[PDB]
Number of protein chains: 2
Amino acid sequence: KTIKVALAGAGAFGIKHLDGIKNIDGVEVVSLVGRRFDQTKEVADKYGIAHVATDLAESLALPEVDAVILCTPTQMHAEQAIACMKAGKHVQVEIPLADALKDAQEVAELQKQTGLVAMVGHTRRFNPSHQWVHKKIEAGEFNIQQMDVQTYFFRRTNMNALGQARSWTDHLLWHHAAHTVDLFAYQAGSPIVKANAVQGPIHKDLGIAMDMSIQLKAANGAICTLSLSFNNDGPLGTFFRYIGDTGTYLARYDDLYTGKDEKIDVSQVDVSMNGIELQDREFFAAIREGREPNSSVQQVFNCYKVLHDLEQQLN
Amino acid sequence: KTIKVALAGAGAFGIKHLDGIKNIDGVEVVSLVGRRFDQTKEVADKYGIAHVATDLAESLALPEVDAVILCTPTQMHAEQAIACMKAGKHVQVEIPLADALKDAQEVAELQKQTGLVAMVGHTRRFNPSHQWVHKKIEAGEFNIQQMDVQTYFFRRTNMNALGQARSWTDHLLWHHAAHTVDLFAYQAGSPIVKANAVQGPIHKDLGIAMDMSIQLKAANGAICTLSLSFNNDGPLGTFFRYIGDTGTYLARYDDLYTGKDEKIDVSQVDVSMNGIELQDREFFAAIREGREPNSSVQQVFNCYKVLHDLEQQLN
Ligand SMILES: NC(=O)c1ccc[n+]([C@@H]2O[C@H](COP(=O)([O-])OP(=O)(O)OC[C@H]3O[C@@H](n4cnc5c(N)ncnc54)[C@H](OP(=O)(O)O)[C@@H]3O)[C@@H](O)[C@H]2O)c1
Ligand SMILES: NC(=O)c1ccc[n+]([C@@H]2O[C@H](COP(=O)([O-])OP(=O)(O)OC[C@H]3O[C@@H](n4cnc5c(N)ncnc54)[C@H](OP(=O)(O)O)[C@@H]3O)[C@@H](O)[C@H]2O)c1
């Protein structure tokens with residue numbers, strides 16, 4: 001049976017999901033939700049999506065919709081995920097699951113009560129380059145001693161990754177550090193037992209910190225260093241360095257390199273080189289098979305606990 | 001008057017000082033100290049140094065010797081600096097001033113009692129690339145928001161930067177973090193008021209930490225992130241990222257780049273492109289002029305206090 005999907009938020013990431021979903025057999029997006037009808041309709045027509053709404057509830061009232069993908073602004077995710085599960089729909093939520101621990105806990109509790117698939121978009125789990133390193137670790141061929149990570153944008157304005165203006169404000173802690181806090185514990189195969197952060201001054205017009213530094217230690221002794229900035233005038237995005245016992249690796253999105261700039265071939269690891277498509281394939285596989293997805297709300301939640309502890313430190 | 005110098009420690013760095021000193025008028029190295037007479041004699045003959053000793057005291061007993069440069073192993077620096085000042089000789093000590101706060105305090109107290117020039121080799125103050133950034137800051141054209149730093153070696157054995165085996169064991173904190181701990185406060189123009197570190201496991205055969213993560217915050221709100229490793233199988237050394245209000249800069253030894261990898265011309269900043277030579281020029285200028293040097297024991301000592309606080313944290 002074709003799984004019918006509502007997609008909420010036709011921004012840059014919602015577009016990346018729609019483009020990925022075109023490659024996944026037996027899934028169809030039947031409803032598109034976005035803040036402005038005319039702009040939403042233009043996207044729906046480009047993608048052939050029949051239903052267009054300005055409220056998520058309108059798509060939740062459709063009985064045929066089986067699943068929801070949330071690419072809305074972060075501040076809406078937990079409430080909307082809760083609403084989806086109250087309507088009986090599986091839900092995938094873009095990272096972060098929430099910007100508060102309480103709301104992430106409320107989402108986890110409703111998922112536990114419903115037994116529905118609720119997934120968080122920790123795409124780093126699904127990028128082929130990180131999967132390659134992960135598979136070497138599971139094989140016992142590699143152990144992480146230190147991860148050194150830079151998450152940098154030039155974002156003194158409320159802009160997305162394509163340089164377009166946002167109507168909402170982003171956050172260094174809940175959205176960007178979340179990728180690394182989760183991914184470090186995942187790749188180390190060991191829980192985080194120490195975390196320290198420091199932040200710079202709050203920006204007068206955006207109300208968020210523009211610079212942040214995070215340090216993690218896993219119970220097995222692996223450490224991670226993370227630098228975050230919205231002030232970086234250079235190449236935007238995340239660069240990851242794995243320093244291990246048997247090697248060094250540099251991950252740059254879906255690309256992997258040795259510490260000597262030798263590019264490693266990851267095109268063989270998974271059926272797609274697109275991590276967003278692999279994330280959605282895992283989500284829909286879990287729905288069809290009645291299993292938990294990789295990056296379930298349950299799997300990623302200790303990340304949000306660490307983020308809360310860092311936030312309390314920063315205040 | 002020619003300033004006569006004793007150099008202690010014909011290692012990789014002692015040779016680099018000798019090559020620099022060859023370009024400094026009115027300075028002459030008359031004594032060379034090293035652990036094995038024949039190897040020290042071979043270097044002395046290559047550089048035309050007449051006196052060869054295996055003990056520093058032999059060079060300190062020479063009445064003609066005016067100054068000492070200490071490029072010995074770190075464990076010896078503080079004691080030897082004290083010996084220099086007790087014999088009435090000016091001294092420059094390679095970084096670190098000491099691997100313990102107590103010994104650094106003893107060197108500072110003897111410097112204060114004697115009023116002799118005692119300098120520490122914080123070469124980052126004198127590299128043309130860092131001087132360029134410092135001068136932009138002094139002009140009020142640039143303010144640091146974040147510094148992101150990687151200090152990496154592949155050093156599972158007691159080897160110097162040329163890959164030759166050392167007879168002594170190195171240390172991530174006191175020797176390597178010291179460059180950045182000092183350089184951050186110096187370039188930020190603001191004292192460090194918060195520091196946090198975590199480290200990996202102690203190495204069975206060397207007895208030292210192989211990985212370390214340090215985070216600093218200055219009183220003005222600027223932050224620093226520092227990753228250190230002896231496990232990095234890649235390009236060895238230090239890479240610096242300055243993220244400021246007006247720009248982004250990448251320092252790689254004496255080279256400087258923008259955040260877009262455009263190389264900046266630093267040949268206009270100072271009379272030499274060799275930071276070690278400029279360090280010695282500053283040392284000899286301060287002796288000749290009867291002034292305090294840049295990177296004096298007094299200027300850098302708060303760095304060693306920060307290092308002590310970090311070691312207490314790690315324990
Ligand atoms: N690595 C990853 O997996 C990854 C990457 C990027 C983003 N994300 C997450 O994805 C989310 C969105 O990111 P983005 O960069 O796509 O954002 P974006 O381009 O700024 O906008 C997302 C869309 O949500 C829409 N929207 C606003 N209010 C809405 C409402 N009430 N109902 C429905 N839609 C509404 C916006 O419409 P208007 O702007 O026209 O009002 C926009 O088109 C964020 O939470 C982000 O953290 C994850
Ligand atoms: N950025 C900088 O300015 C910078 C950079 C790197 C290091 N340094 C510091 O500079 C110092 C030396 O570094 P390196 O790489 O040159 O060290 P190195 O190559 O390991 O050795 C320095 C020399 O000292 C000699 N030595 C040993 N015992 C001695 C003794 N009792 N009396 C006299 N000489 C003796 C060693 O001889 P054997 O090998 O025969 O013992 C060696 O030839 C270290 O403290 C290091 O931290 C500064």
Side-chain angles (χ1 to χ4, degrees), chain A residues 143-152 154 156 192-203 209-218 220-236 239 241-250 257-262 313-314, chain B residues 143-152 154 156 192-203 209-218 220-236 239 241-250 257-262 313-314:
Chain A
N143 298 279
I144 296 172
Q145 297 148 335
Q146 177 171 198
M147 276 173 63
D148 176 41
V149 189
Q150 293 81 41
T151 296
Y152 294 159
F154 195 56
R156 296 181 176 162
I192 297 165
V193 298
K194 278 179 182 180
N196 307 122
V198 295
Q199 70 185 356
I202 305 305
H203 189 279
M210 299 303 287
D211 298 284
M212 186 174 76
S213 183
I214 296 174
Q215 61 173 200
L216 313 170
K217 183 176 180 61
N220 71 353
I223 61 169
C224 180
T225 304
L226 170 64
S227 180
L228 312 103
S229 184
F230 284 154
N231 281 314
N232 179 81
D233 189 16
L236 64 91
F239 309 72
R241 178 188 302 245
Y242 297 97
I243 308 175
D245 56 351
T246 61
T248 296
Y249 306 102
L250 310 177
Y257 308 82
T258 73
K260 300 181 181 175
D261 178 76
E262 302 158 325
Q313 199 169 137
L314 292 174
Chain B
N143 299 279
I144 296 172
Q145 298 153 335
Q146 176 171 196
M147 277 173 63
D148 174 40
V149 190
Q150 293 79 40
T151 296
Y152 293 155
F154 195 56
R156 295 180 176 160
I192 297 165
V193 297
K194 279 179 182 180
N196 308 124
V198 295
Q199 69 185 356
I202 305 305
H203 189 279
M210 299 304 288
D211 299 285
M212 186 175 290
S213 183
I214 296 173
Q215 72 174 18
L216 313 170
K217 183 177 180 64
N220 71 354
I223 60 169
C224 181
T225 304
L226 169 64
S227 181
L228 312 103
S229 184
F230 284 153
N231 281 314
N232 179 81
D233 190 16
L236 64 95
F239 309 70
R241 177 187 301 246
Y242 296 98
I243 308 175
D245 56 351
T246 61
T248 296
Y249 306 104
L250 311 177
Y257 307 82
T258 74
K260 300 181 291 175
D261 184 79
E262 302 157 323
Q313 202 169 139
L314 292 174

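Throughout, protein chains are lettered first and strands after them, A, B, ... in sequence-line order, and every chain is numbered starting at 1.
In terms of modelled atom types and a separation under 3.5 Å, the side chain of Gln146(A) and the main chain of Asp211(B) share no donor-acceptor contact.
Contact count against chain B (heavy-atom pairs under 4.5 Å) is highest for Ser227(A) among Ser227(A), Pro201(A), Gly259(A). Chain B forms the most heavy-atom pairs under 4.5 Å with one residue out of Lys194(A), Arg241(A), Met212(A), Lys260(A), and that residue is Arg241(A). Each of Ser213(A), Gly200(A), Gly244(A), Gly234(A) has some count of heavy-atom pairs under 4.5 Å with chain B, and the biggest count is that of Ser213(A). Interface remark: of the candidates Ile214(A), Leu226(A), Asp245(A), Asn220(A), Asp245(A) forms the most heavy-atom pairs closer than 4.5 Å to chain B. Heavy-atom pairs under 4.5 Å with chain A were tallied for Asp261(B), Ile223(B), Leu250(B), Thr258(B); the largest tally goes to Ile223(B). When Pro235(B), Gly247(B), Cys224(B), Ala197(B) are compared by the number of non-hydrogen pairs under 4.5 Å with chain A, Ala197(B) comes out ahead.
Proximity to chain A (any heavy atom under 4.5 Å) is restricted, for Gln199(B), to the backbone atoms N, CA, C and O. The part of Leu228(B) that comes within reach of chain A is its backbone (N, CA, C, O), which places non-hydrogen atoms under 4.5 angstrom from that chain. With a 4.5 angstrom heavy-atom cutoff, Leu216(B) touches chain A only via backbone atoms.
Between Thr225(B) and the choices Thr225(A), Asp148(A), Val149(A), the side chain to side chain contact (heavy atoms under 4.5 Å, CB included) rule is met once, by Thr225(A).
Using a 4.5 Å heavy-atom threshold, the side chains of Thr248(A) and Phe154(B) count as separate.
The line from CG of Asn231(A) to OG1 of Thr246(B) is 11.0 Å long, rounded to the nearest 0.5 Å. Separating the CD atom in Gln313(B) from the CG atom in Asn196(A) is a distance of 6.5 Å, to the nearest 0.5 Å.
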